[PDB]
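*Asks:* any chance you can model this:
(5 chains, ligands or ions: 1)
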Amino acid sequence: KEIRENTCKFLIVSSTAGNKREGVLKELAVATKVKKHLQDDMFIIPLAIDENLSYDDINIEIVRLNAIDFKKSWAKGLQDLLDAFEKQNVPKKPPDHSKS
Amino acid sequence: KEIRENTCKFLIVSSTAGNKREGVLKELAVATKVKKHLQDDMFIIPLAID
Amino acid sequence: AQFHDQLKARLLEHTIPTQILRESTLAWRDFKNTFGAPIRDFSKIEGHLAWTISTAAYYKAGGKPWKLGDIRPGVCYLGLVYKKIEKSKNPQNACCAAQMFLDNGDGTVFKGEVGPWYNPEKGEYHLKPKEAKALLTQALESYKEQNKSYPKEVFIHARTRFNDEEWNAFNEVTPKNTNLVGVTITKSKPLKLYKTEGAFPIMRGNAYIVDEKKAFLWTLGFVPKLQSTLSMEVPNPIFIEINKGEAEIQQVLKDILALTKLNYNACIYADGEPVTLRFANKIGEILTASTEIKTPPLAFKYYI
Amino acid sequence: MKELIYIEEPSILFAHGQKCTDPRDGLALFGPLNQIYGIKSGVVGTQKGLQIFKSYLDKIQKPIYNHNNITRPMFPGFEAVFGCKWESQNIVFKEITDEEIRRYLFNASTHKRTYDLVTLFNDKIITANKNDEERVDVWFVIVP
Amino acid sequence: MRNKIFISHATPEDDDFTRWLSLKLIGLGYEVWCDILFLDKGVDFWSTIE
Ligand SMILES: [Mg+2]
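*Replies:* Numbers count the residues shown, from 1 in each chain, chains lettered A, B, ... in the order given. Below, you will see the structure:
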């Protein structure tokens, strides 16, 4: 349902042991196939958290892509993620903390 | 196994459509990463055919 | 012994915030085992250390971490506790006004009152009739100036019951026909009780009424959200007695329960006694360190 | 038969007109009410105190993990929770006495030692506040 | 057609000079492209810039 019919972007997370998990790799291959299907703007936006994960030893299929850094401070990562999102002209909605 | 433990040289080629193929680009990206790791510039030998 | 007390007391005259940090908290690595027994340890608790410090410093910067909004507008509040100075003639006379809550339209006031009024007696505590009139009048003009009108209802906390004459004087300085009531709150009284089944103590928030006047409350159980006890052993409750006035027991009991989480100096979920009594207790030893000060400030940033 | 009446927990207010019971998760979700963002600070002590304070100050930016999550809510970061800047590059340090003429030879009447300590610290702080230009907000004192 | 101006530099040492130059040039009106005015993710590390 959602990955094909009702998805706009993607937020893969590159942890230390994220490469081991077979399910995340399977859904990653699904995302790669749907990107090969669409070819409109971009779908995949990686994230990096750990300090042990060196910038070169990242998952092999994703070496081609860069990553916004979170190793220093989460606030700036959230800030540049959000302003990149709003620059990408994603449809908006008025905020409501009550739902949260 | 190989590109990290059992690889010595590299023989990338250059066709008229090699620059538009994702597999070769991914492989050469990994090759450059491992050449930075291995501190030796004698890793890839490009080929021109067409 | 009096290092911090003396330092803050004498620096109080220049209006400068300060914060004292022991080095062992900062350097808990290298102070390891001398001969096989580690001196010191914060591994298990390490993250919480940050939660203990940051917000406190924030308050010293001028920030408000969190405010309580379960107060009926147009009401009062106040507390009191005594202190022994035993300077020359072993005087017992040191009364430090704790605080007061006010609704100035939208905000909450947390400045309190000050002034260590004296008393010739050395062991009987209580208060001479002259000081109490000024003590209550002070809160009266504070309410007038922060309310642009007169206060409606007044509550008072205490620690010990008191005789008839000074409460009569308190009623004498009452403007119009406003209701005044004071509540005595002890700390320790033995009513140890157990749980019949399981291996856990009583669950926090219970009560046991013995009469329309007296009451009890428990504060150290274990919140289901925290799922773990607030005290290592079985707890000890707080005994409540109403001295004078016409006050309903349940409303005052829930009010005094609601004022045990405003511990700005920390961030623990629950605290035993209300903020007022301990808060006046911890301001008293600041002013008892040295008595040459005249008209100290009434903002608790510098005290804490 | 005598029975126990139960009393429920109250609620505290937070930013954006939200409510909760615990304050930690509320701060992690909504933040404080008033926004103040200046922590230009001050410090006195010895140089090892300087380096250790710098290390601890720039360490807190990264999240630090408790041993047990279910009892202690997580701490992501000072800027993550408060929206206020506090770094280890804008301190105005004033040097402390190092000779410390007081030694094991001098231990009678420790009250005098305490008086000398407090006089030194207080005069240093007062002189720094009165004479210098930079606007300091808080003063941290560290000593073994 | 040919309107934009490329600017290259070394990221980890100097960024302030490049930022000031980009701001000044965009203030004068000339269109500017550099290492900090691209999409948050490229297709590759390089392919986009070349
Ligand atoms: Mg303190």
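*Asks:* what sits up against the lengthiest helix in chain C?
*Replies:* Secondary structure of chain C per DSSP state H: the longest helix is helix C:129-147. For helix C:129-147, the external contacting residues (C-beta atoms under 8 Å, 6 or more residues apart in numbering or on different chains) are C:76, C:78, C:95, C:97, C:100, C:102, C:104, C:109, C:113, C:115, C:117-119, C:127, C:150-151, C:165-166, C:169-170, C:172-173, C:175. C-beta here means a position set from N, CA and C on the backbone, and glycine is covered the same way.
*Asks:* put the buried members of those residues into a ChimeraX selection.
*Replies:* Buried residues within the contacts of helix C:129-147, by 16 or more other C-beta atoms under 10 Å in any protein chain shown, are selected in ChimeraX with:
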select /C:76,78,95,97,100,102,113,117,119,127,151,166,169,170
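*Asks:* in strands, which of the contacts of helix C:129-147 appear?
*Replies:* Those of the contacts of helix C:129-147 mapping onto strands are residue C:97, per DSSP state E.
*Asks:* the closest residue to chain A within chain E sits in which helix or strand?
*Replies:* Evaluated by C-beta to the nearest C-beta, chain E has residue E:40 as its residue closest to chain A, separated by 3.7 Å. Secondary structure assignment for residue E:40, by DSSP states H and E: no helix or strand.
*Asks:* correct me, but it touches residue A:44?
*Replies:* No. Using C-beta atoms under 8 Å, residue E:40 makes no contact with residue A:44, being 11.7 Å away.
*Asks:* distance of the residue of chain E closest to chain A relative to chain C?
*Replies:* Applying C-beta to the nearest C-beta, to the nearest Å, one obtains 31 Å for the distance of residue E:40 from chain C.
*Asks:* residue C:118 and residue C:87 touch, don't they?
*Replies:* No. Residue C:118 lies out of contact with residue C:87 (C-beta under 8 Å); the separation is 10.9 Å.
*Asks:* name the residues of chain C found near chain A, please.
*Replies:* Residues of chain C lying near chain A by C-beta under 8 Å from any C-beta of the partner chain: none.
*Asks:* chain C: strands as residue ranges?
*Replies:* With DSSP E as the criterion, chain C has strands at C:19-22, C:80-81, C:96-97, C:154-158, C:180-185, C:206-207, C:215-217, C:238-242.
*Asks:* name the nearest residue to residue C:32, ignoring sequence neighbours.
*Replies:* residue C:38 (5.3 Å; C-beta to C-beta, 6 or more residues apart in numbering or on different chains).
*Asks:* how close does residue C:286 get to residue D:117?
*Replies:* According to C-beta to C-beta, to the nearest Å, residue C:286 stands 18 Å off from residue D:117.
*Asks:* now for the residue most central in space within chain E: which residues touch it?
*Replies:* By C-alpha atoms, centre = their mean, the mean C-alpha position of chain E lies nearest to residue E:34, the distance being 0.8 Å. By C-beta under 8 Å, 6+ apart, residue E:34 lies in contact with E:6-9, E:18, E:22.
*Asks:* what's the offset of the helix ranked longest in chain A from the middle of its chain?
*Replies:* Looking across chain A with DSSP H, the single longest helix is helix A:22-38. From the chain centre to the centre of helix A:22-38 is a distance of 12 Å (C-alpha atoms, centre = their mean, to the nearest Å).
*Asks:* stretch C:13-20 vs chain D: in contact?
*Replies:* Yes. Applying C-beta under 8 Å from any C-beta, one finds stretch C:13-20 in contact with chain D at C:14, C:16-20.
*Asks:* closest to chain A among those?
*Replies:* Using C-beta to the nearest C-beta, residue C:19 comes nearest to chain A of the residues of stretch C:13-20 next to chain D, at 23.6 Å.
*Asks:* quick check: bridge partners of the nearest residue to the closest one once chain neighbours are set aside?
*Replies:* Nearest residue to residue C:19 in three dimensions, chain neighbours excluded: residue D:140, at 5.2 Å (C-beta to C-beta, 6+ apart). Beta-bridge pairing for residue D:140 (DSSP bridges): residue C:19, residue D:43.
*Asks:* ok, residue D:140 to chain E distance?
*Replies:* Taken as C-beta to the nearest C-beta, the span from residue D:140 to chain E is 31 Å.
*Asks:* need the residues of chain E near chain A, please.
*Replies:* Contact residues (C-beta under 8 Å from any C-beta) of chain E with chain A: E:39-45.
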